[PDB]
Amino acid sequence: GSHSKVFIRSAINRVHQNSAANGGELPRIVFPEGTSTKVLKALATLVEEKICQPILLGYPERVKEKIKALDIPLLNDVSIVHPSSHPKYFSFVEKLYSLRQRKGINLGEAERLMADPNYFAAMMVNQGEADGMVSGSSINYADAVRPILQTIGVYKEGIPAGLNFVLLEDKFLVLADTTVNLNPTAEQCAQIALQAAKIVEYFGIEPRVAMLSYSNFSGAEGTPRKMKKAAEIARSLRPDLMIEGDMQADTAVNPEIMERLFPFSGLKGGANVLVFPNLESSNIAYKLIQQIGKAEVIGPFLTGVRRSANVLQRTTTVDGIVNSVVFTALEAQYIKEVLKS
Amino acid sequence: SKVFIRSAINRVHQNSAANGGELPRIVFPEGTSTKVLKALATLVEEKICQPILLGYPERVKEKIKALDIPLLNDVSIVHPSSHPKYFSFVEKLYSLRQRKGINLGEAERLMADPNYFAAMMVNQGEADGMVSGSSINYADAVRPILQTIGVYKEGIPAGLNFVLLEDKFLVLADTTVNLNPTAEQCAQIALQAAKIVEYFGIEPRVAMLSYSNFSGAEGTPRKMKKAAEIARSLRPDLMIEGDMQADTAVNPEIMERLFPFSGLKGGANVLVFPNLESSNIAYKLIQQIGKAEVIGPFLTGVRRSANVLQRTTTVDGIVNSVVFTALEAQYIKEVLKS
Amino acid sequence: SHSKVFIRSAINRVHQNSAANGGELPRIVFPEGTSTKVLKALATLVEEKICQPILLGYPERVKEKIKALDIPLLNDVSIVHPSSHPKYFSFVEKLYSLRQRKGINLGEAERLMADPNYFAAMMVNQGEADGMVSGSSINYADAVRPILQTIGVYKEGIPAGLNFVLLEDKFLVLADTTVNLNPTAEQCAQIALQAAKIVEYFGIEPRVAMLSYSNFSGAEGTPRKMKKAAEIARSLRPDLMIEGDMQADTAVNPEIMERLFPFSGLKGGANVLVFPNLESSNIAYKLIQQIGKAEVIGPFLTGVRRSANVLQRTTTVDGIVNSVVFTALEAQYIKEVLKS
Amino acid sequence: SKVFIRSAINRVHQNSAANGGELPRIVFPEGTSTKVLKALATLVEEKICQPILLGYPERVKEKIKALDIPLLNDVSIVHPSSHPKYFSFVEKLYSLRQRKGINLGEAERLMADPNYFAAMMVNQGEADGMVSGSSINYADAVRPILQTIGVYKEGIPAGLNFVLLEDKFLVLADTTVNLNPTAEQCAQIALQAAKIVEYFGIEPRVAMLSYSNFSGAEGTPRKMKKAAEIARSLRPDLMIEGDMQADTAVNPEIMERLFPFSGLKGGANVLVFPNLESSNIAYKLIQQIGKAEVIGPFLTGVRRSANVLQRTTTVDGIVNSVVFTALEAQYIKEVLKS
Amino acid sequence: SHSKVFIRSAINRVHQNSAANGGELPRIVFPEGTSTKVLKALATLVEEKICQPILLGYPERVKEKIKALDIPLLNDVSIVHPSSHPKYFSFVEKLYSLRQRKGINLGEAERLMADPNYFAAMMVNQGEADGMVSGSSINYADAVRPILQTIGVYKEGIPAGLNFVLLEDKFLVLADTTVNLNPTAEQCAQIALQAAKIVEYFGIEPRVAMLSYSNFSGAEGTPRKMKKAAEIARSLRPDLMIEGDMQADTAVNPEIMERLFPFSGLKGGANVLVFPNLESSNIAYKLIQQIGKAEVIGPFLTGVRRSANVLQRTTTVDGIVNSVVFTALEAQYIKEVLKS
Amino acid sequence: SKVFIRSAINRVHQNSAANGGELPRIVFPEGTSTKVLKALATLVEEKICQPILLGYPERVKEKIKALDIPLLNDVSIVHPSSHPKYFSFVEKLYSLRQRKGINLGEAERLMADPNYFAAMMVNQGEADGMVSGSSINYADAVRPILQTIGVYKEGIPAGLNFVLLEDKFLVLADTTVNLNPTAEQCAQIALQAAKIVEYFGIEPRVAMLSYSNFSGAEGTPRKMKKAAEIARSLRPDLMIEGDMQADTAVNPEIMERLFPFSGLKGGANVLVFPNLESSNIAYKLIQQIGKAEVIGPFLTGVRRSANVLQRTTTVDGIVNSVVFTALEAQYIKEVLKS
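- Method of structure determination, per the deposited record: X-ray crystallography was used for this entry, reaching 2.72 Å resolution.

## Remarks on the overall build of chain C
- Per the secondary structure count, chain C includes 13 helices and eleven strands.
- For 340 residues, the compact-globule estimate of 2.2 N^0.38 gives 20 Å, and chain C sits close to it at 21 Å.
- Dimensions of chain C, computed from the C-alpha atoms along their principal axes, are close to 65 × 50 × 40 Å.

## Brief notes about the interface of chain B and chain A
- Taken together, the contact between chain B and chain A spans 36 residues of the former and 40 residues of the latter.
- Both faces considered, chain B and chain A share a buried interface measuring about 3,300 Å² in area, 70% of it formed by carbon and sulfur atoms.
- A per-residue breakdown of the area chain B buries against chain A is headed by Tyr211(B), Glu277(B) and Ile289(B), which together make up 19% of the total.
- Across the contact surface, chain B and chain A share two salt bridges.
- Of the charged contacts, one joins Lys287(A) and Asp247(B) as a salt bridge, the two residues approaching to 3.1 Å between their closest N and O atoms.
- Counting across the chain B and chain A interface gives eleven residue pairs in polar contact.
- Of all the secondary-structure elements, those providing two or more residues to the side of chain B that touches chain A are helix 10 (246–250), helix 11 (252–258) and helix 12 (276–289) of chain B.
- No other element matches the eleven residues that helix 12 of chain B contributes to the side of chain B that touches chain A.
- Here the side of chain B that touches chain A is composed, by residue class, of 18 nonpolar, eleven polar and seven charged.

## A few points about the side chain of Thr316(A)
Residue and element names in this part refer to chain A.
- With respect to the helices, strands and loops of the structure, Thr316 is situated in the loop between strand 11 (308–311) and helix 13 (318–338).
- Taking the relative accessible area as the measure of exposure, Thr316 reaches 16% and is therefore buried.
- Polar side-chain contacts of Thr316 include one of 2.9 Å to the backbone oxygen of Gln313.
- In contact with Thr316, not counting residues within four places along its chain, are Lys38 and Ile321.

## Things to note about the environment of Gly132(A)
Residues and elements named next belong to chain A.
- With respect to the element layout, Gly132 can be found in strand 4 (residues 132–135).
- Note on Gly132: relative accessible area 0%, which makes it buried.
- If sequence neighbours within four positions are ignored, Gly132 has contacts with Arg28, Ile29, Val30, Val125, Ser308 and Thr328.

## Details of the interface of chain A and chain F
- Each partner contributes to the interface: chain A provides five residues, whereas chain F provides eleven residues.
- Carbon and sulfur atoms supply 44% of the area buried between chain A and chain F, which totals about 640 Å² over both sides.
- Considering only the surface of chain A that becomes buried against chain F, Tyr97(A), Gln101(A) and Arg102(A) emerge as the three largest contributors, covering 80% of it.
- Scanning the region where chain A abuts chain F turns up one salt bridge.
- For the interface between chain A and chain F, the tally reads three residue pairs in polar contact.
- The residue makeup of the side of chain A that touches chain F, split by class, is one nonpolar, two polar and two charged.

## Details of the domain arrangement of chain B
Residues and elements named next belong to chain B.
- Parsing chain B into structural domains produces domain 1 (1–150 + 303–338) and domain 2 (151–302).
- On a C-alpha basis, the centroid separation for the pair domain 1 and domain 2 is 28 Å.
- The partner domain 2 presents 20 residues to the 23 residues of domain 1 that form the contact.
- Between domain 1 and domain 2, a total of about 2,000 Å² is buried, with carbon and sulfur atoms accounting for 61% of that surface.
- Contact with domain 2 buries surface across domain 1, with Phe4, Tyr138 and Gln310 losing the most and accounting together for 30% of the total.

## What to know about the pairing of strand 8 (residues 241–246) of chain C
Residue and element names in this part refer to chain C.
- In terms of burial, strand 8 is a largely internal element, five of the six residues being buried.
- For strand 7 (residues 207–211) and strand 8, the ladder comprises four bridges, and the chain directions are parallel. The residue bridging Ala209 from the neighbouring strand is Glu243, located in strand 8.
- With respect to chirality, the unit in which strand 7 leads through helix 9 (residues 222–236) into the neighbouring parallel strand 8 is right-handed.

## Describing the sheet that holds strand 11 (residues 305–308) of chain D
Residues and elements named next belong to chain D.
- Spatially, 3-2-1-4-11 is the arrangement adopted by the five strands of the open sheet, whose pairing is parallel. Looking at the sheet topology across the chains shown, the edges are occupied by strand 3 (77–78) and strand 11.
- In this sheet, strand 4 (residues 129–132) lies alongside strand 1 (residues 25–28) in parallel orientation, the contact comprising two bridges. Within strand 4, the position partnered with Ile26 by the bridge is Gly129.
- Sitting on the sheet, helix 2 (residues 34–44) is in contact with strand 1 and strand 2 (50–54), with an inclination near 160 degrees to strand 2.

## Here we look at the arrangement of the chains
- Considering every one of the twelve pairs of chains in contact, the largest contact total is recorded for chains A and B.
- You won't find any contact between chain A and chain C; their C-alpha atoms come no closer than 16 Å.
- Note that chain D does not reach chain E: the shortest distance linking a C-alpha of one to a C-alpha of the other is 17 Å.

## A word on helix 2 of chain D
- Every buried residue belonging to helix 2 of chain D is among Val36(D), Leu37(D), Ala39(D), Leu40(D), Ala41(D) and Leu43(D), and all of these are buried.
- If you follow the buried residues of helix 2 of chain D, they end up packed against strand 1, strand 2, helix 3 (57–66) and helix 13 (315–335) of chain D.

## Concerning the packing of helix 5 (residues 107–115) of chain A against helix 6 (residues 117–126) of chain A
Residues and elements named next belong to chain A.
- Remark: helix 5 packs on helix 6, axes separated minimally by 5 Å, with the N-to-C direction vectors making an angle of 90 degrees. In terms of orientation, helix 5 and helix 6 fall into the roughly perpendicular class. Residues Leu113, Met114 and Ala115 of helix 5 form the contact with helix 6, whose own contacting residues are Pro117, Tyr119, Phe120 and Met123.

## Things to note about a positive patch on the surface
All names here are of chain E.
- On the surface, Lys94, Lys155, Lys197 and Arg305 cluster together to form a positively charged patch.
- Residue position: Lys197 is located in helix 8 (residues 185–201).
- The class of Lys197 is partly exposed, set by a relative accessible area of 40%.

## Focus on the pattern of salt bridges
- Enumeration over the complete set of coordinates arrives at 86 salt bridges over all chains.
- Residues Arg62(A) and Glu65(A) are paired through a salt bridge, measuring 2.9 Å at the closest nitrogen-oxygen approach. With a gap of three residues between them, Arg62(A) and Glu65(A) both fall in helix 3 (residues 60–69), about one helical turn apart.
- A salt bridge links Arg222(D) to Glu218(D); its shortest N-O distance comes to 2.4 Å.
- Assessed through its relative accessible area of 59%, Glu218(D) is described here as exposed.
- Among the charged side chains, a network of salt bridges with common partners joins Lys195(B), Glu198(B), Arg235(B) and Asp237(B).

## Things to note about the packing of aromatic side chains
- Under the criterion given, the structure shown has 105 aromatic pairs over all chains.
- On the basis of an interplanar angle of 55 degrees and a centroid distance of 5.3 Å, the ring pair of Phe6(C) and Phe164(C) is categorised as tilted. Here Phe6(C), found in helix 1 (residues 2–18), pairs with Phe164(C), found in strand 5 (residues 160–166); they are 158 residues apart in sequence, far enough to count as distant. The same class applies to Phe6(C) as to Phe164(C), namely buried.
- An angle of 55 degrees between the planes, with centres 5.6 Å apart, marks the rings of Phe89(F) and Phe117(F) as tilted.

About the cut-offs
- Residues numbered from 1 in each chain as written, not as in the entry; some residues may be left out.
- Chains lettered and ligands numbered in written order.
- Heavy atoms only, no water.
- Residues with missing side-chain atoms left out of burial classes, pairs and counts.
- Helix = DSSP H or I, 4+ residues; strand = E, 2+ residues; numbered from the N terminus.
- Rg over C-alpha atoms; globule rule 2.2 N^0.38 Å.
- Contact = heavy atoms within 4.5 Å.
- Buried area = accessible area lost by both parts, 1.4 Å probe.
- Salt bridge = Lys/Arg side-chain N within 4 Å of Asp/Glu carboxyl O.
- Polar contact = N/O pair within 3.5 Å; in protein donor to acceptor, adjacent residues only side chain to side chain.
- Nonpolar A, V, L, I, M, F, W, Y, C, P; charged D, E, K, R; others polar.
- Buried < 20%, exposed > 50% of the residue type's maximum accessible area, 1.4 Å probe, protein only.
- Domains from an automatic or database assignment.
- Pairing = 2+ DSSP bridges.
- Right-handed = clockwise from strand over helix to strand, strands pointing away.
- Axes fitted to C-alpha atoms, helices over the stretch in contact; angles between N-to-C directions.
- Parallel < 35°, antiparallel > 145°, perpendicular 65-115°, else oblique.
- Patch = residues over 30% accessible without salt bridge, like charges linked within 9 Å, V, L, I, M, F, W, Y side chains within 5 Å.
- Areas by Shrake-Rupley, 256 points an atom, 1.4 Å probe, with all protein chains shown as cover.
- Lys, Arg positive; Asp, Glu negative; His and termini not counted.
- Charge placed at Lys NZ, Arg CZ, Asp CG, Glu CD.
- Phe/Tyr/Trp six-rings, centres within 6.5 Å; stacked < 30°, edge-to-face > 60°.

Quick look at the structure:
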């Protein structure tokens, strides 16, 4: 809908200007599930929009049958690759073996693993054969994110964490971590908050962070103390930022409540970054907002990884996949423009 | 949206009419709270309850004059220390809590507090229900209720909110009390939620929520799965399922496409949460971001009608709460017919 | 002198029990046969008709030290050397049968039965003796260990040390002052019950308080534990006054009790104080002993199937006679209930 | 036994004259307690302190005339909410606990409690000390003191009792506050008790109590041994020994006969306990069946002089306690000019 | 050697079982239809009429590698590719039914069933084959998992790996050497029973030792666990000699047993060794294999409803043959239990 | 096989010849044991040590002269209670354990027990070594040794066995002492074993054993990987690898085929076990079913040479044990010239 339509549009244009400012180059983005119906319709929409050069994984023949089966003339010159047959396959196996030979994985096992398109996608982005990847529209979340974590890994002091946008009529809220960590520590919560914060900063918005709890500034043993400590750590790391907690969710989003009941709070003007204390709360919240709050909700997107990779959920729509790939492109460009410095 | 409240108001009238026209006596510890009083104006125009206010009679009349609402004069006003049943109440609280760290002086001082006094009023039949906690935090407001009124058999104190959608309403629990309920506690919460939904002539369809879809893995997935099983064994006629993600629960299309083995068909109308972080955070986020109205929380599992507001409540929230307290009070009066 | 009046009544009951049982005196074996102090005690008691003592050690060594402190009334006393007693191998055989699956081999067992403590124990267990008194030479844990291993507890019983505080008219009973680090609610109830039976033996109504640092709070930890212990004790003997959790001054002082906690079922001051942990019991009884004017006797071991007592390593000679007296009484009481 | 009390009283007079004849202001939240007023009768006639009574002015004047006590007709009596610094006091408390669950309404209503008000008065220098808790249980009374006045640096709040023997005096700690103190905490307590004993020109000799004589075994014995080692390393001039049984500690003859290696000769005069059950049971049993008079408990480790009585306290117990509260207030004021 | 005799006996007993069952051979499926070692094994196995092998993979790849390794006797052998088989979707539906509440949806079930291990498993489960051998190609946990998810355990049974140590005279059986990290007393008892029932099949008296670092100590930890395990085992099978806790030399050397522990119900030396945890069983069998002169066969999977074994990938061709032999033998046993 | 043992004997002869003809003094607490006396019979004709027997002098001559031997009347015999340095020994033991539950009488009684006496003989330089425990179980026998002689700096008591093959020898540890050694502790055991292996002129190659090959998974895999890393960081000159299975550790062909990245080439000759079950069961199983002779256990990590047998030992085992005990005694005596 409407708010979603303007948001994505600004993003599509920035990928246009970032490609137009690096010689017109498009980010190379690999899709392990080359035969997915949903993914292919999405790519159809995506290629006329000049955002990425897609790379598809699977048997060349089987996917060409399925794209023709799905009536799409705009998608025939795109690279299609079967991992075992790619020329860089064995260097990739040796690399994975090198990475996990002391983590229960032997050489044969590395070969078997690298044959799975997820691992191959990850190794492609990791070795620079692709700029980014989108995976997991058919497999469950944990299993899809695992190769990304083993192969691409996190940036220094970073923590893998899923992030969603709920798009309101002027502003947007960001929610994390919605997919990865069961029960993040105070330290992990602070880090999750900082990652969410940089994402908000990309969009030119001042980040205002709340560490969520079932309590309003109580600091009692358990989740309240944990979110209070998390805000204290985040603040020690970024003294320029409005970061506050522990607080209830309405206290966080509604500044009128804040200023009336807790005026001492350093969080003024309503939070636009919401950090959850555990996975039950984040997962349940973003999904409920999506289904009954009737507010537009995009994501989840993966934060904390060194190269751009995002895993879809199985319930994702086709335009949802387009959103995900757009942001994968933006992230890839962001990273490559940051590695030039 | 407005339809639901107005309907309930009609039911208060229909029940009161079927009982000789008396309205449920509802006590308010916060007698000088602005919100409680003007909301009370709006509800008192509607013949929903006979309000009893606690405080100094004179401070309450001064602040009644201050908010220019003549329509609630002549309503009963009581100062706890000066009520004739005061010493008897103190004696009661004492016998209840003398082996729980409380001496007679402590009992006296506690019964002077409007919350304890209200609680005891409801417990002794001096009132039918109470609405408190627009000024103090939930734990502190709910505590005298748990100590005085208590739970019914095998019951569990649990907060429940309604999400009122376009045709449907969803019920959410436990949104206020239990930090990390067990499987067993979750089943009980489900059962309580279910009875509430049944009151409204709707068949309960229950979801035990998790971050997972039917995995049964160690931790929350297994706990909510086991909860579903326990609920089914205590009441086999019910549509109760889990572990499942929230969208899987509320969206029948997702259910039908991705998990057709599920004994839950048609979208859930009861969502039981795995812990207080998720339940509290969710209902408050929905109330603030979704168009849908959220009423509550209402305290389930207690022997008499008692409800704690959230401190962040608007006045419409308070009139809504008082309405559903009234209904609850007459439902209870009707279950006490046995 | 409360100690002398108190012991004197006891001595009269051992005398009363010995009559009507053919005039027979309980046989009590003493593992430290070469100890100066034990012998000093035996001198005083053979003059008092309380038991027929059996001493363990080498006959030559024992007559040596009996000759050294000039005591003629204990010549003609039963003296036994463990390896040379005739039932020795039958004994080693039973200990072996008892502990073959609890780390003990036949040789190890052999050497253990050679230890005076284990043999004294096995003697009482096989009915070749009626009671024992041990550990005037060895440490407490180390002395009680063979007793628990050979003699054991009676049904539902729990090993527990008990002291008497003798005041100007009544006495207080304190337990458990020696054995259990951190008794559960259940165990505290059993401790209470055993103490109570002792008090009942003296014709006094037992009045039991489960001690805590709290007055009826039932809060998490020891308060809830002692409240629950009293509820258990009350369920097991509903005729008895048993109450808790409460503070010690609340416990012993009835005026304090009635002024502050009239709902309490304990009226008249406690005469049995059951403690929540070993620190409280041990420290209390020893302090009462050292700064309190009042005399404190014990500790005596309760809960065992046959009459056994462990002394302290620091114990005096009168400590040994009152200990042996109580041991005789215990042996007689048991033999008389085993009568139908 | 009363000899010790007289020595203390005379010192109160001596310090009082060395500061212009000025008396320590000590506030008593229980302004209407018969016990406190009778004890204050004895104290004002003894020139030990300037009393501050908390409550409604007229009700306590009513009860001082009602209980026939003419020597405190003119004493300062204060009702908290009507005090001129009431709102600034609410602001400091609010500021202190806004992130520990307390909102401004809760701050106001708390500051109304005489306990909280006594503590804030001493905190802000409006009074020099306070004695409370003859009517409420210990935890509830000591809490505002810990929240408002707090501990001094590296300090640990702990109750200390004096055993007055016919000869020496013994000190017992921690007799009221901490359930199961660690080695480090036991050491700290030993040092605080030690400084108290030094105040009286006495060499403190410290014993860490246990059920064991120098075993150091897993549990309480190791803890009391390690606590003695810690104490010895933190203050090498003091005789501090453990683990040991109590009779070993107080009887020097047993010490020389059985453990001549101990660095403690001459019998202990500072007894530090392994847990709250042992300290509480012990001092109370000694007080009730022991022939020695026991005073306290006194709270150590706090920045300003504040002491909580025991509920079982006698009136002579209160006069004793307040005498030593005065001495403490003076020591604290004389060290604060540095 | 010892291996050659034992294997010949197993083979002759497979032949003896094929009689009275119509000359029918156990149907055994090999998901790794293209494994060199397995095909090499299958030559030897089919000349010996041990099983009717079913190969999984592409018909053309497997016939190509059959031709490439010159084995003429495996042309016409059943070869099935999971995806093109007629009961494929029915198999997917069954797996979906088994794991829909354990995190697997219909699509995940489809993909899993596409894997030869899962398809093999489901064949055994559905009676379209009698047994399976996998994992000469993948590491152990991954290979054993589909078997447990599809085939499962029998009543009160436990997945457990078992090895034979073949000596110059006797054989010892070792378990559990592959699956369970730290089995309980109860689980150890079950493991012992499974090892025993196997020993019984060969007409041998099972004599079982619960191994520990201790001799009949029953102390906290693994000693108490192995003694308790032995007690549970005895209570379920009183005709059997089962003893513990004991040290290994005590267990296998009857002269030691009789000299130091005559009370022990284990006389004549153990031939079943049940280990307290996976470190000890796994390290034990590998050290025996590598430094003793003793031959070691296995591991074999016990506790499963139908006949399935996983090789280790480090397996030799003769190893695959042993595995298939004992798998066939097991299959026949199980079919003999379905005879009432 | 026999060659390794004869080589040890040949070296004890070489040091015994090269330091003036001195034979290492070795004490035996069980002076009346048949097994020990038969071993002593084989050993005294081999000039490896000066034996001292413990028990009643006349009783040990009763059983030794009586059963098959003419070469044992020339031997040292000691009854603890009658030895001239007895009371001095109890005095040092008292000093060592006075704060560990043992008082002077208990010190006397322990020192009358031959095990404590033997250890104290070695500790005071009055003897060079001891061999004990064919009559008592292992723990009870090793305790006086640990309480008296103790560990060297950063050392940890650990039993070590040799498996003797036709070319190599392997060491297995810790086979006797620690239930579930930590990563740090395992590294330490590795280091002590490596030191013994260097002594025999072989380069140590250490493998940390697991049920897994380089998985590093939660539990034992991670523990042994971590142990190998710590050990390498303390001794970078050593080949140390893990976590790995036993065939992977001992068989170098397996290593190069399956795990070519490993820093361990040539097969491990030092095997460190993850727990007491695996170590004890392993060495006993190899001992009973493999052709190979297994000697030990020998107690490592302790300051002076002391060793405990298991009863399951044969006489030839006692022969071997006393042999490396004498040799050990000579090595430690050579560190004592510094």
